[PDB]
Amino acid sequence: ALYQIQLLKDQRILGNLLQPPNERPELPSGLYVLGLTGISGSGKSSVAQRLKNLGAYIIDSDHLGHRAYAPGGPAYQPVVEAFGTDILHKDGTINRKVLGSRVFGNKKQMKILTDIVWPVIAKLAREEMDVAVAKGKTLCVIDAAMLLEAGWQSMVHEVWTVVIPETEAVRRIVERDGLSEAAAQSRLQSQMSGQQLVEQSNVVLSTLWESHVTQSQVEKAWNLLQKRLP
Ligand SMILES: CC(=O)SCCNC(=O)CCNC(=O)[C@H](O)C(C)(C)COP(=O)(O)OP(=O)(O)OC[C@H]1O[C@@H](n2cnc3c(N)ncnc32)[C@H](O)[C@@H]1OP(=O)(O)O
């Protein structure tokens with residue numbers, strides 16, 4: 001039988017367990033948790049969807065964030081206090097285009113925001129996992145761009161990172177988001193490098209190759225995971 005495997009060098013086999021999982025006494029007893037992260041342009045949402053198709057319960061942190069500071073949500077009042085009512089649409093919802101203009105590319109302002117929002121999202125993620133476990137789910141994935149920067153590896157058994165070369169990342173960002181190349185590198189500089197992410201990962205994946213190769217990696221990763229679940 002002839003086949004190909006995917007590797008990262010400076011060897012790490014993509015899909016394999018690279019270092020031991022974390023012990024997590026505080027998580028619900030029936031539940032295994034993956035933290036899924038990657039650099040912008042990594043295509044990690046494609047990977048999250050493939051894990052969803054295999055049966056994982058996905059918690060999308062970006063969405064939880066938007067709900068956290070929806071009117072009625074725990075972060076609404078603090079975010080509006082911290083940034084002012086000029087960030088609000090006419091209907092009183094946060095205008096994320098205006099908020100983004102305040103914080104993107106701006107280290108101090110983004111920190112005012114994430115100091116408020118990240119703890120709120122982490123709490124909402126913990127709540128969602130509890131509900132999922134009550135409804136019989138046994139494997140949860142917290143999909144988060146800034147997982148390691150937020151310290152959220154404390155909430156997961158395994159960190160899974162989706163990586164691609166920085167040149168392809170910048171290309172995907174510039175093209176798909178209509179960013180200037182400087183805005184794209186600004187985005188990338190404002191987060192951990194692929195190598196930093198890899199070093200702190202239990203499993204590494206890549207969307208560098210065509211879609212069928214990504215699927216194969218994810219299936220291989222999923223199968224190995226299943227055999228090491230408690
Ligand atoms: C720990 C976590 O990962 S929590 C989930 C991420 N959320 C946060 O960090 C909270 C702060 N960010 C926000 O509130 C919003 O991103 C806003 C208001 C700044 C912008 O909102 P929107 O314009 O709707 O952008 P959206 O939320 O879709 O994010 C756009 C991109 O910026 C990224 N991004 C979001 N927050 C951050 C951050 N703190 N630092 C760097 N990049 C970020 C997103 O992951 C997304 O990347 P993608 O296009 O590769 O998926």
# chains A, B, ... in the order shown; residues from 1 in each chain; ligands from 1
$ residues_around --residues "segment 88-102 of chain A" --least-positions-apart "2" --cutoff "9 Å" --atoms "only C-alpha atoms" --output "JSON, numbers by chain"
{"A": [66, 69, 70, 71, 76, 80, 83, 84, 85, 86, 104, 105, 106, 109, 110]}
$ select_by_dssp --residues "segment 30-194 of chain A" --states "strand (DSSP E or B)" --output "count of residues only"
24
$ residues_near_ligand --ligand "ligand 1" --cutoff "7 Å" --atoms "only C-alpha atoms and all ligand atoms" --output "number ranges by chain"
A: 40-41, 61-62, 65-66, 96-97, 99-100, 103-104, 110, 113-114, 117-118, 121, 144-147, 150, 187, 190-191
$ select_by_dssp --residues "segment 4-228 of chain A" --states "alpha helix (DSSP H)" --output "VMD selection string"
chain A and resid 44 to 54 61 to 68 76 to 83 96 to 103 107 to 134 166 to 177 181 to 189 194 to 199 211 to 228
$ write_last_selection --atoms "C-alpha atoms" --output "compact mmCIF listing (two decimals), in the first residue's frame"
# COMPACT_ATOMS: atom_id res chain seq x y z
CA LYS A 44 -8.76 26.26 11.07
CA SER A 45 -12.54 26.77 10.58
CA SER A 46 -12.31 24.17 7.78
CA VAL A 47 -10.72 21.80 10.31
CA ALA A 48 -13.30 22.60 12.96
CA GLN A 49 -16.09 21.70 10.45
CA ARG A 50 -14.37 18.40 9.62
CA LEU A 51 -14.20 17.55 13.33
CA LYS A 52 -17.86 18.58 13.67
CA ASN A 53 -18.71 16.14 10.84
CA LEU A 54 -16.91 13.34 12.75
CA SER A 61 -15.10 31.43 20.62
CA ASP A 62 -15.53 34.19 18.00
CA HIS A 63 -19.30 33.69 18.09
CA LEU A 64 -19.37 33.43 21.90
CA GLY A 65 -17.50 36.77 21.94
CA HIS A 66 -20.12 38.46 19.78
CA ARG A 67 -22.84 37.14 22.09
CA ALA A 68 -20.88 38.05 25.24
CA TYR A 76 -22.06 44.52 27.11
CA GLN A 77 -22.04 47.09 29.87
CA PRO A 78 -18.24 46.88 30.52
CA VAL A 79 -17.33 47.11 26.81
CA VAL A 80 -19.63 50.10 26.25
CA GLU A 81 -18.21 51.75 29.44
CA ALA A 82 -14.65 51.09 28.28
CA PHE A 83 -15.11 52.30 24.69
CA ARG A 96 -18.08 45.64 15.36
CA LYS A 97 -16.63 47.59 12.40
CA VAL A 98 -16.28 50.65 14.68
CA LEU A 99 -14.98 48.60 17.62
CA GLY A 100 -12.52 46.83 15.33
CA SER A 101 -11.28 50.22 14.09
CA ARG A 102 -10.49 51.08 17.74
CA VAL A 103 -8.64 47.95 18.56
CA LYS A 107 -2.04 46.84 21.33
CA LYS A 108 -3.32 48.99 24.27
CA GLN A 109 -6.91 49.26 23.09
CA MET A 110 -7.12 45.60 22.17
CA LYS A 111 -5.96 44.76 25.66
CA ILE A 112 -8.70 46.89 27.24
CA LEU A 113 -11.14 44.79 25.19
CA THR A 114 -9.69 41.35 25.79
CA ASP A 115 -9.14 42.01 29.52
CA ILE A 116 -12.96 42.32 29.64
CA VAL A 117 -14.04 39.81 27.05
CA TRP A 118 -11.70 36.83 27.39
CA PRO A 119 -12.76 35.95 30.93
CA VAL A 120 -16.39 36.28 29.94
CA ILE A 121 -15.94 33.97 26.97
CA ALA A 122 -13.98 31.43 29.03
CA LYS A 123 -16.90 31.33 31.52
CA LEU A 124 -19.43 30.96 28.75
CA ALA A 125 -17.32 28.16 27.20
CA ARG A 126 -17.22 26.31 30.56
CA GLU A 127 -21.00 26.64 30.87
CA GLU A 128 -21.56 25.30 27.31
CA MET A 129 -19.40 22.28 28.02
CA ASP A 130 -21.40 21.52 31.12
CA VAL A 131 -24.64 21.66 29.07
CA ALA A 132 -23.13 19.47 26.35
CA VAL A 133 -22.06 16.84 28.90
CA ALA A 134 -25.52 16.85 30.49
CA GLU A 166 3.46 32.64 6.67
CA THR A 167 3.59 33.60 2.97
CA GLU A 168 0.42 31.61 2.27
CA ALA A 169 -1.22 33.00 5.44
CA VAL A 170 -0.56 36.58 4.36
CA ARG A 171 -1.88 35.79 0.86
CA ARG A 172 -5.11 34.29 2.23
CA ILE A 173 -5.68 37.33 4.56
CA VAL A 174 -4.94 39.99 1.90
CA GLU A 175 -7.11 38.24 -0.65
CA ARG A 176 -9.99 36.86 1.36
CA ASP A 177 -10.40 39.74 3.83
CA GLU A 181 -0.40 43.42 3.01
CA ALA A 182 0.69 45.62 5.93
CA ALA A 183 -2.67 45.12 7.65
CA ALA A 184 -2.17 41.38 7.16
CA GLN A 185 1.34 41.31 8.60
CA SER A 186 0.10 43.57 11.40
CA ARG A 187 -2.53 40.89 12.17
CA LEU A 188 0.07 38.14 12.14
CA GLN A 189 2.56 40.07 14.31
CA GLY A 194 3.32 29.18 13.84
CA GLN A 195 6.48 27.85 15.51
CA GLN A 196 5.37 29.14 18.95
CA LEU A 197 1.99 27.50 18.42
CA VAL A 198 3.62 24.26 17.29
CA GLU A 199 5.94 24.09 20.25
CA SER A 211 -8.85 19.52 0.59
CA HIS A 212 -8.63 15.67 0.41
CA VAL A 213 -5.20 15.74 2.08
CA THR A 214 -6.61 17.89 4.94
CA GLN A 215 -9.42 15.40 5.34
CA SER A 216 -6.98 12.51 5.49
CA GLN A 217 -4.91 14.26 8.18
CA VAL A 218 -7.95 15.06 10.26
CA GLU A 219 -9.28 11.51 9.96
CA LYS A 220 -5.91 10.09 10.95
CA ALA A 221 -5.71 12.53 13.93
CA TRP A 222 -9.31 11.65 14.90
CA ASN A 223 -8.61 7.90 14.78
CA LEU A 224 -5.49 8.17 16.93
CA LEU A 225 -7.37 10.41 19.39
CA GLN A 226 -10.16 7.85 19.73
CA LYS A 227 -7.66 5.14 20.69
CA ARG A 228 -6.14 7.31 23.46
$ atom_distance --atom1 "atom CA of residue 5 of chain A" --atom2 "atom CA of residue 207 of chain A"
13.4 Å
$ atom_distance --atom1 "atom CA of residue 156 of chain A" --atom2 "atom CA of residue 35 of chain A"
5.8 Å
$ closest_residue --among "A:143, A:165, A:159, A:178" --to "residue 8 of chain A" --atoms "only C-alpha atoms"
A:165
$ residues_around --residues "residue 162 of chain A" --least-positions-apart "6" --cutoff "8 Å" --atoms "only C-alpha atoms" --output "VMD selection string"
chain A and resid 36 to 39 42 to 44 47 204 to 207
$ decode --residues "segment 144-160 of chain A" --atoms "C-alpha atoms" --output "PDB file, in the first residue's frame"
ATOM      1  CA  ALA A 144     -10.120  29.993  19.581  1.00  0.00           C
ATOM      2  CA  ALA A 145      -7.701  32.185  17.602  1.00  0.00           C
ATOM      3  CA  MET A 146      -5.991  33.426  20.713  1.00  0.00           C
ATOM      4  CA  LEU A 147      -6.215  30.251  22.797  1.00  0.00           C
ATOM      5  CA  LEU A 148      -2.652  30.233  24.078  1.00  0.00           C
ATOM      6  CA  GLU A 149      -2.406  34.031  24.480  1.00  0.00           C
ATOM      7  CA  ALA A 150      -5.512  33.862  26.698  1.00  0.00           C
ATOM      8  CA  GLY A 151      -4.075  31.013  28.756  1.00  0.00           C
ATOM      9  CA  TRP A 152      -6.964  28.732  27.769  1.00  0.00           C
ATOM     10  CA  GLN A 153      -4.775  25.667  27.531  1.00  0.00           C
ATOM     11  CA  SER A 154      -5.670  25.464  31.297  1.00  0.00           C
ATOM     12  CA  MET A 155      -9.210  24.373  30.124  1.00  0.00           C
ATOM     13  CA  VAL A 156      -8.237  21.628  27.608  1.00  0.00           C
ATOM     14  CA  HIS A 157      -6.633  18.218  27.554  1.00  0.00           C
ATOM     15  CA  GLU A 158      -4.938  18.805  24.188  1.00  0.00           C
ATOM     16  CA  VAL A 159      -3.975  21.798  22.071  1.00  0.00           C
ATOM     17  CA  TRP A 160      -4.368  21.170  18.346  1.00  0.00           C
TER      18      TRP A 160
END
